[PDB]
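# Notes for the structure review
Now for the letters of each chain:
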Amino acid sequence: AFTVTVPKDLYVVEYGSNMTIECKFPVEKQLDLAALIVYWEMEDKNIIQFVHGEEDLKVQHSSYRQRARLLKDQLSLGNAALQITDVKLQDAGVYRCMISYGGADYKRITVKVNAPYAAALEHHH
Amino acid sequence: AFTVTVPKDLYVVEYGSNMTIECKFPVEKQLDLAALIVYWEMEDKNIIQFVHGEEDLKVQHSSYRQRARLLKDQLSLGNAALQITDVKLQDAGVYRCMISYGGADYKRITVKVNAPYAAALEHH
Ligand SMILES: COc1nc(OCc2cccc(-c3ccccc3)c2C)ccc1CNCCNC(C)=O
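Residues numbered from 1 in each chain as written, not as in the entry; some residues may be left out. Chains lettered and ligands numbered in written order. Heavy atoms only, no water. Residues with missing side-chain atoms left out of burial classes, pairs and counts.

Per the deposition metadata, X-ray crystallography was the technique used to determine this entry, at a resolution of 2.200 Å.

Here is the structure:
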């Protein structure tokens, strides 16, 4: 029974930092990239789409353009690792990793973004 | 590549009525149940978990128990098709059909529920 697992449901992130949120999936022996699909999104806005070896950007949101990448190395360890650079308050919310690999599942991750007044005022207006 | 499509992404349903919301996915010749996974949910509540031929009857969310089922005959046609009976105001919201079949994709469907005053409470 194919189960995606998350070591951390919740990340607390400082504005301007970078984060890597992780989804684990079973890999017996060596990853077959041709059978792997990974979607990452937040609030039905798309971040990563990894179909049989390559990312696509085809339904990606601009807010994440040039800021998000999936660590390909980690896939062969069974780790779907999403790195977001230069975290913005807009990045707070609920992420989903959807994984299809001879079986399919998905998990939610909640991200909380702390920021000081200057950053928060800009976001507010 | 593999695309789930929704001809109709908006349903307007009457309280107490029935609805059938549909997602299409391509089938080449004969359907292969072993490769097929169909998952249906609404704003993070499980409705249908159909894995390699078998509906998992015991994982359905309580508020949908005995009201929701996947029309298995429609899969042979490349139509997921979630049939919901005795529609409640709680049924309004965004549904998702997630489909894996030699490829994977998902789509959103919005449901609105019309209801008379008495039903609308609810509300308390
Ligand atoms: C969300 O639940 C499930 N969802 C399933 O289907 C999800 C699904 C189905 C079809 C396609 C996709 C998909 C995959 C990649 C990209 C796009 C869609 C997904 C995530 C199947 C079984 C389950 C139940 N497994 C529970 C195991 N988790 C535990 C024990 O923690």
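The full set close to the ligand counts 17 residues, and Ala104(A), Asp105(A), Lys107(A), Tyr39(B) and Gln49(B) are the nearest of them. Those chains with residues close to the ligand are chains A and B. Between the ligand and the protein, one listed contact pairs an oxygen atom with a side-chain N or O atom of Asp105(A) at 3.2 Å. With the chains in place, 80% of the 710 Å² that the ligand exposes on its own is no longer accessible. Here the ligand is seated within the largest pocket. Broken down by secondary-structure element, the contributors of at least two residues to the shell around the ligand are β8 (93-100) and β9 (104-114) of chain A together with β3 (37-42), β8 (93-100) and β9 (104-114) of chain B. If one sorts the elements of the shell around the ligand by residue count, β9(A) sits on top with 4 residues. Among the residues making up the shell around the ligand, the classes are represented as 10 nonpolar, 4 polar and 3 charged. (Near = heavy atom within 4 Å. Polar contact = N/O pair within 3.5 Å; in protein donor to acceptor, adjacent residues only side chain to side chain. Areas by Shrake-Rupley, 256 points an atom, 1.4 Å probe, with all protein chains shown as cover. 1 Å grid on protein atoms, 1.4 Å probe; cavity = no way out; pocket = protein on both sides within 12 Å on 5 of 7 lines; lining within 4 Å. Sits in = over half its atoms within 2 Å of the grid points. Helix = DSSP H or I, 4+ residues; strand = E, 2+ residues; numbered from the N terminus. Nonpolar A, V, L, I, M, F, W, Y, C, P; charged D, E, K, R; others polar.)

Further remarks concern the UniProt feature "disulfide bond" in chain A. All names here are of chain A. UniProt pairs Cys23 with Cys97 in a disulfide, and the structure agrees, placing their sulfur atoms 2.0 Å apart, under the 2.5 Å limit. Taken together, the residues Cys23 in strand β2 (residues 19-24) and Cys97 in strand β8 connect sequence positions 74 residues apart. Exposure remark for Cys23: the relative accessible area of 0% places this residue in the buried category. (Disulfide = S-S within 2.5 Å. UniProt positions renumbered as here; feature names shortened; annotations may be inferred. Buried < 20%, exposed > 50% of the residue type's maximum accessible area, 1.4 Å probe, protein only.)

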